[PDB]
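The lines below spell out each chain.
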6 protein chains.
Amino acid sequence: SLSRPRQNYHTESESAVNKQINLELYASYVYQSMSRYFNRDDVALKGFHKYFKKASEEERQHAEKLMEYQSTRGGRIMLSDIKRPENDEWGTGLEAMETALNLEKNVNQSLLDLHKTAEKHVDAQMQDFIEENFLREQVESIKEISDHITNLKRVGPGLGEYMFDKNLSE
Amino acid sequence: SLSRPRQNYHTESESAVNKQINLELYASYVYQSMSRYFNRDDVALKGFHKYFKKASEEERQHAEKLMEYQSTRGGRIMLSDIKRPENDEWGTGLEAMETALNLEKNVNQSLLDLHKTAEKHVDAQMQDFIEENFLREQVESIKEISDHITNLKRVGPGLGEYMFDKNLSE
Amino acid sequence: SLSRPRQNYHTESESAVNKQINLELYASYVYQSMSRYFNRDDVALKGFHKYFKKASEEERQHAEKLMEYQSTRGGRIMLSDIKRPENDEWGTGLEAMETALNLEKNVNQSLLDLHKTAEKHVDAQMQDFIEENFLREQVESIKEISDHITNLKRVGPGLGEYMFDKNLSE
Amino acid sequence: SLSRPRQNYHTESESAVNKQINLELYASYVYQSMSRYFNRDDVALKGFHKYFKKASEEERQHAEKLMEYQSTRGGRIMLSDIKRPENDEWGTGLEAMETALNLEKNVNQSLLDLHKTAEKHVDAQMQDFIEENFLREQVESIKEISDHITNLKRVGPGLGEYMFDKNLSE
Amino acid sequence: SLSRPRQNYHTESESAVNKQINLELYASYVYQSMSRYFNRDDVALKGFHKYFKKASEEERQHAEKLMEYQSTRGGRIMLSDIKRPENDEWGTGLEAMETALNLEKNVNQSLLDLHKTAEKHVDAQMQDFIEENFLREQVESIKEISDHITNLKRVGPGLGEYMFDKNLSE
Amino acid sequence: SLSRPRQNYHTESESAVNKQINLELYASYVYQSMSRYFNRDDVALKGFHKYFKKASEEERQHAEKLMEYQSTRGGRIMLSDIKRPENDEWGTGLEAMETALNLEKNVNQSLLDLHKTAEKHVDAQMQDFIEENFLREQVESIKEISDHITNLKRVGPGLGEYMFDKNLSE
Ligand SMILES: [Fe+2]
Ligand SMILES: [Fe+2]
Ligand SMILES: [Fe+2]
Ligand SMILES: [Fe+2]
Ligand SMILES: [Fe+2]
Ligand SMILES: [Fe+2]
Ligand SMILES: [Fe+2]
Ligand SMILES: [Fe+2]
Ligand SMILES: [Fe+2]
Ligand SMILES: [Fe+2]
Ligand SMILES: [Fe+2]
Ligand SMILES: [Fe+2]
Ligand SMILES: [Fe+2]
Ligand SMILES: [Fe+3]
């Protein structure tokens, strides 16, 4: 028996949503780790700390939006282990911004694949859901982090990193 | 000669819009009937009365939005009889929620087919109009009614129906 | 056996109430059709659009008042198909006001026959219900539409129609 | 050697965005010219002046939205000459509204071709961006101008044109 | 060499803080799973949904306070995989409250062991941190959950569960 | 036959006003290009972006002031192609400020020549119009840009540029 709300919602879409939930939880964990590292006494960049805290929270919210969507469509949420980040440490502000862009792009390609899944299965509603709730945000973020990387190179290490961080804080 | 505004609007889309206008007006009528049945002295469930009143109003508003859209694109509205509902009476609260779910699913499949019409004819604007104004709402409604059916089964007949109805009223 | 509330409510009155419900819903549909027609790109009279929208809504409200009354008295609402209007278009502002007057008079005569049903069966409460909630409004409406027809004749086609329509909008 | 933000953004799309930019800047210039013309001492229709001023501004805003989008995706803005309009004058209010409708339709077809480009390259983000920022507005404009042309024909020359112009002014 | 802030902070304390961070993240994930389960269409208990949402947020907050504390003392945060919960599905309200109590007791025993660690290494500040920020909250939660279980047993299944859930929603 | 308002308005002045309209439009387009260049991901100087956006808008406004003036005097606006800027990309902040100064001085010379036209033809009203609405502003912009170039040299590349851009933003 299909679940009562189930209508035009393929099993491959359902599976793919579960995968995407894990990815976003993972991304939130990476950002968490990045955030806490910048508040170490021997790193001490509170603007990077704050920027990656926000990132972490946003990723977790996106995972939760996917959880809700799964149940709304009549799919069943299947959770997996949230793997630990690749690194304990994250280097300079610039390095960590480069790390963040790579993660964002990874998550973006996963979202575009999830969109392609929905399209294949003629799931118009799921297409819209993804476009509105995920895709726009992702291209804004990629643009912003890329701007930050240009500026971190432009200011250089030492005082430059310190002044960039202050302006991240605001 | 086409109408002045007409641009990228197929006759099949135009026709399908008129069929959907009828469908939504029909659905409004069915909810009208349900609504008033629940205010009978020998039924007397004001929460269900209110819930199906709102449903009826919302289905008329969607028919009207489709009427407006037809003329905006340069289509011509063609109206047909609004058929009377299948029943005069609607049973218990649970029965009526099951009837509601079937109607919402039927309306949703028609919307999905209207979207496929728009897509076949490469009517991007129409696909967007349908996704934003119809498809989102329909999946919310399907989920809500499914929740209600679970809770009506969980409370049982009698006092349980009465208490659920109070909660619908708020 | 009779319904629990029922007292001094004849079967003929109950039947006639059902017929009146259909009539008013039909009237609402005619005014819906008129209203939309006036927002076509090749008609484009927003004052007439608004006027007939209001009319449509009012008719539906009166149908709904009769639905409620039927159940208040212990009668049973019996719905029928809502027939499609006799036309798809509606001509000039003047033509459509003439159409409206004929519809209002037809609905008035039905109301008056419904009152006579109530009087025949010595249903004083029904008579009072009909006078207060329907008859007064109908005389006012018939007068107003008559006034509009004199003015539409007085202004003439073209600019005059346009300026009448602006005043309808207000 | 792709730009840092670049992800799922075809060169075809990039170049089509540049062409659209030019087209909207052109359209803004046509509307500028029209707007000015209607404030000539020998034309003197301030409501048409204002209507085409607004249109000019909106077209420029949409060119600028496309400029911002190009850079957001990692594309590079390439500007071309903004060609001067086909005419120095613009005739009557009615003639100018006919001109405006032809311009809007032509901009709309370009937008629809831009959407087809995006679709062909499986650019889901781009599809959405065009739907929500461009396509909706364009169908509304086309309908409005079409309504204005009906009314300008209804009112006729002379006093009729003067009264329509007032109403445009508000 | 030790980190700059390091003073009176044992490696065993540092290690045990990392273990506790993992445990609280794990507990937050179990509560996440429970919370979403309760909003399934075929479960539909919004009060349990909300209760476990709040539980999940609080657990995450307590993990984050441990992260901050690790870095404040000069320790180094070490993250591990956050294991998926034991179940995908969580039964009745009553079953899930029993599950929650067993989780809270396990988290409390770990906190008490963490306090023993701090005491063995004569870390007065740590003891005070644990008492104030963790231990009080835990005994309250354990009391509250225990009260809920008594009440869930007292109301029984069906309507009783529904009414308890309303009261949780408040 | 002259236009009705025409008085003391030489054809050479009318011509020269059309040329100045084009110049200002061209200057607005140059600044628009400069503006959008500084928001590229690989340039990322939002203060410079803002500064040249304002410049672009101001130039447009001054073109439109000339447009209005032409029609006020009874002249006839004649539009020409707005040529595309000399460059696609505009170098560092300092380079672009040097570009801006040269543009400003070119536009100021044009204004001075337009004043000389008006003076030759004993057009006292025009001389004033130019002095008040154009000449004052242009010596302000020339002085401010000159100050900015001194400070861009003072601060140097890298962090200095970054900090000057922040101050531009404010
Ligand atoms: Fe995300
Ligand atoms: Fe993100
Ligand atoms: Fe609907
Ligand atoms: Fe609905
Ligand atoms: Fe009526
Ligand atoms: Fe009426
Ligand atoms: Fe446009
Ligand atoms: Fe969309
Ligand atoms: Fe437009
Ligand atoms: Fe905890
Ligand atoms: Fe807790
Ligand atoms: Fe200027
Ligand atoms: Fe200037
Ligand atoms: Fe009376």
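Reading the values: the criteria
- Residues numbered from 1 in each chain as written, not as in the entry; some residues may be left out.
- Chains lettered and ligands numbered in written order.
- Part of a larger assembly, values for the part shown.
- Heavy atoms only, no water.
- Residues with missing side-chain atoms left out of burial classes, pairs and counts.
- Helix = DSSP H or I, 4+ residues; strand = E, 2+ residues; numbered from the N terminus.
- Contact = heavy atoms within 4.5 Å.
- Least-squares fit on C-alpha atoms.
- Donors = N, O, S within 2.8 Å, 3.2 Å for Na, K, Ca; no water.
- Buried < 20%, exposed > 50% of the residue type's maximum accessible area, 1.4 Å probe, protein only.
- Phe/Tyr/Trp six-rings, centres within 6.5 Å; stacked < 30°, edge-to-face > 60°.
- Buried area = accessible area lost by both parts, 1.4 Å probe.
- Salt bridge = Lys/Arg side-chain N within 4 Å of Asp/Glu carboxyl O.
- Polar contact = N/O pair within 3.5 Å; in protein donor to acceptor, adjacent residues only side chain to side chain.
- Nonpolar A, V, L, I, M, F, W, Y, C, P; charged D, E, K, R; others polar.

Looking at the method and resolution fields of the entry, one finds X-ray crystallography and 1.6500 Å.

Caption draft 1: Main features of the overall build of chain A. Check the secondary structure of chain A and you find five helices and zero strands. Helices and strands appear in chain A in the N-to-C order α-α-α-α-α. Across chain A, the fraction of contacts at a sequence separation of at least 24, relative to all contacts at a separation of at least 6, is 81%.

Caption draft 2: Structural detail: the relation of the copies chain A and chain E. For the pair chain A and chain E, the relating rotation is 180°, the translation along its axis is 0.0 Å, and the fit reaches an RMSD of 0.1 Å. The transformation just described matches what one would write down for a two-fold rotation axis. Every residue of chain A has its C-alpha some distance from the rotation axis, and the shortest such distance is that of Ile82 of chain A, at 2.5 Å. The overlap is high: 97% of the interface residues of chain A also sit at the interface in chain E, so the same surface is used on both sides.

Caption draft 3: Quick look at the coordination of the iron ion (ligand 7). Residue and element names in this part refer to chain D. Those donors, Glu24 (OE), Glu59 (OE) and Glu59 (OE), are the protein atoms that reach the iron ion (ligand 7), and they lie 2.0 to 2.4 Å from it. A separation of 4.1 Å is found between the iron ion (ligand 7) and the iron ion (ligand 9). One end of the pair, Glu24, is in helix α1 (residues 11–37); the other, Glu59, is in helix α2 (residues 46–73), with 35 residues separating them in the sequence. Taken as a pair, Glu24 and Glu59 share a single burial class, namely buried.

Caption draft 4: Representation of the side chain of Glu64 of chain A in the model. Tracing the backbone through its elements, the reader meets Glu64 of chain A in helix α2 (residues 46–73). If near-sequence neighbours (up to four positions away) are discounted, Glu64 of chain A is found in contact with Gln32, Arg36 and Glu57 of chain E.

Caption draft 5: Region of the structure containing the coordination of the iron ion (ligand 3). For the iron ion (ligand 3), the full set of protein donor atoms is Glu24 of chain B (OE), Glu59 of chain B (OE) and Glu59 of chain B (OE), at a range of 2.0 to 2.3 Å. The metal-metal distance between the iron ion (ligand 3) and the iron ion (ligand 4) is 4.3 Å.

Caption draft 6: Region of interest: the relation of the copies chain F and chain A. It takes a turn of 90° to lay chain F on chain A, together with a shift of 0.0 Å along the axis; the resulting RMSD is 0.1 Å. The relationship between the two copies is best expressed as a four-fold rotation axis. Taken as a fraction of all interface residues of chain F, those also at the interface in chain A reach only 14%, which identifies the copy contact as different-surface.

Caption draft 7: Quick look at the environment of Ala27 of chain D. All names here are of chain D. Note on placement: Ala27 falls in helix α1. Distance from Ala27 to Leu168, taken between C-alpha atoms, is 21 Å for residues 141 residues apart in sequence. Sequence-distant contacts of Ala27, defined by excluding residues within four places in its chain, comprise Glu59, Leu103 and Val107.

Caption draft 8: The arrangement of the packing of aromatic side chains in detail. Overall, the coordinates contain 58 aromatic pairs over all chains when judged by the stated rule. Relative to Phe164 of chain D, the ring of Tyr162 of chain C has its centre 6.3 Å away and its plane inclined at 35°; by these criteria the two rings are tilted. Of this pair, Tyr162 of chain C sits in helix α5 (residues 159–169) while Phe164 of chain D sits in helix α5 (residues 159–169), which puts the two residues in different chains. Each member of the pair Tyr162 of chain C and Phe164 of chain D is classed as buried. Three or more aromatic residues joined by ring pairs form one cluster here, namely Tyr31, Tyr37, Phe38, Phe48, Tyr51, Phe52 and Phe164 of chain A together with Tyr162 of chain F.

Caption draft 9: Spotlight on the interface of chain F and chain A. Contacts between chain F and chain A engage 14 residues on the former and twelve residues on the latter. Interface area lost by chain F to chain A is led by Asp41, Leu159 and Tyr162 of chain F, which between them contribute 52%. Our enumeration of links across chain F and chain A arrives at one salt bridge. With its nearest N and O atoms 3.0 Å apart, the salt bridge here joins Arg154 of chain A to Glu161 of chain F. Across the contact surface, chain F and chain A share six residue pairs in polar contact. Per-element accounting of the side of chain F that touches chain A gives the leading share, five residues, to helix α5 (residues 159–169) of chain F. Looking at the side of chain F that touches chain A residue by residue, the class counts come to six nonpolar, two polar and six charged.

Caption draft 10: Spatial organisation of the interface of chain A and chain E. Each partner contributes residues to the interface: chain A has 29 residues there, and chain E has 29 residues. For the side of chain A that touches chain E, the residue count by class is eight nonpolar, seven polar and 14 charged.

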